[PDB]
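The structure appears right after this line, and notes come after that.
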Amino acid sequence: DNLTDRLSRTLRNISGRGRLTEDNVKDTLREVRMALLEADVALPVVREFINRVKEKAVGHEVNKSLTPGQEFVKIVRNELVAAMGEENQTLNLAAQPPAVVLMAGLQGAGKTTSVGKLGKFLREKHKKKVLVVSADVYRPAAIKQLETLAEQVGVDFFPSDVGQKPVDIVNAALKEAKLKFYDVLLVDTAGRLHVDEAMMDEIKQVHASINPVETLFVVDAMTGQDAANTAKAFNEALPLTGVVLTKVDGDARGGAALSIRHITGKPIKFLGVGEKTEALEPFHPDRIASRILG
Ligand SMILES: Nc1nc2c(ncn2[C@@H]2O[C@H](COP(=O)(O)OP(=O)(O)O)[C@@H](OP(=O)(O)OP(=O)(O)O)[C@H]2O)c(=O)[nH]1
Ligand SMILES: [Mg+2]
């Protein structure tokens, strides 16, 4: 990423210094603010991050250590993690089976792909008997896409077709999920390229009839700051439990990851890091912060 190089260079010079002047701390923070802003991180997030470092990096606290540069570096890390999220947020599949995970996103965010990815993760790493279904009757080849995905990853597919109504489709799928003791039902959805009441009304009807335990917004990382604004929109119309940030491999900037948790107020739970089925990665903020700073 270009954020990783910029921050790592700015921090590296400070680490060696055995004492940091207040001007030295202020100058380094201005360079950090520019790097995050250049990475499409939202100003509300950058502003709060810089203020939190400044308060904790007062020279008295930083200069007390024998490695003041090191102490400053590791404040920046701690506050980056705080912005990206709280520890690891997982899906609650511990409630009454079947566990319904309803997935939303605008078209091309990668929700259908992510449906597959998640089903492989739940069966392989959690030994969950999984069933998936598609309420995207607007594109026919889409339903097939899920079907093909479901066999590559080894979950079960509940069939649907163009003529039928999304509410009827998920009601059938839950009924069936109960009858064969499935652990989770993942429910794919249609996307409209914009968060419009047309899209929200359909999701909220599905959502209402099927009481999902997790509502996951799939958002595309290479839309940068829009990802947070798009998810803040869906969240305002129908509350989210988690976000899946897809196409992280190609962004090369970041910012959606730093921005989503604080703009939306809900966590990034998963992270799409490849076109392949294996490329789903639970979101651990500590690991991401470490990579950004080296
Ligand atoms: N690099 C990368 N790509 C991802 C990731 N997740 C999804 N994609 C890509 O997103 C594209 C759209 O996926 P869909 O699953 O159809 O998205 P949708 O359900 O929201 O409509 C796919 O591209 P496609 O159909 O192969 O081509 P195109 O649609 O991009 O033209 C897929 O390969 C990811 O984590 N990393
Ligand atoms: Mg689709």
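Results, tabulated for the structure shown:
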{"read-out": "The chain: angle of helix 225-237 to the longest principal axis, Cα-based, in degrees nearest 10", "value": "50 degrees"}
{"read-out": "Gaussian network model of the chain, Cα within-10 Å springs - most flexible of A252, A231, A221", "value": "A252"}
{"read-out": "Distance between the range 107-148 and the range 2-19 - C-alpha centres, whole angstrom", "value": "42 Å"}
{"read-out": "Cα centre as origin, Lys/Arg/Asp/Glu Cβ charges: the chain dipole, Debye", "value": "780 debye"}
{"read-out": "Candidate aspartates and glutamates - alpha carbon under 19 Å from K26, same-chain residues fewer than 8 apart omitted", "value": "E38, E48, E55, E61, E71, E79"}
{"read-out": "Spin-label model distance (nm) - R192 vs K74, 7 Å beyond Cα toward Cβ", "value": "5.0 nm"}
{"read-out": "Selected from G69, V53, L80, residue furthest toward positive end of dipole (the range 1-91; charges at beta carbon)", "value": "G69"}
{"read-out": "Cβ-Cβ FRET estimate between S65 and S8, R0 fixed at 25 Å, reported to 0.05", "value": "0.80"}
{"read-out": "Summed side-chain charge close to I50 - residues other than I50 whose Cβ falls under 13 Å, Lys, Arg +1, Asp, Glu -1", "value": "+2"}
{"read-out": "Spatial separation of Cα centroids for the range 89-106 and the range 171-192, in angstrom", "value": "11 Å"}
{"read-out": "Chain lengthening between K144 and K204 when straightened (0.36 nm per residue, less Cα-Cα)", "value": "19.2 nm"}
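So basically every Cβ, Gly included, is an ideal-geometry build from the backbone, and we count neighbours across all protein chains shown. Only the coordinates and a few stated rules stand behind these numbers; no lab work does.
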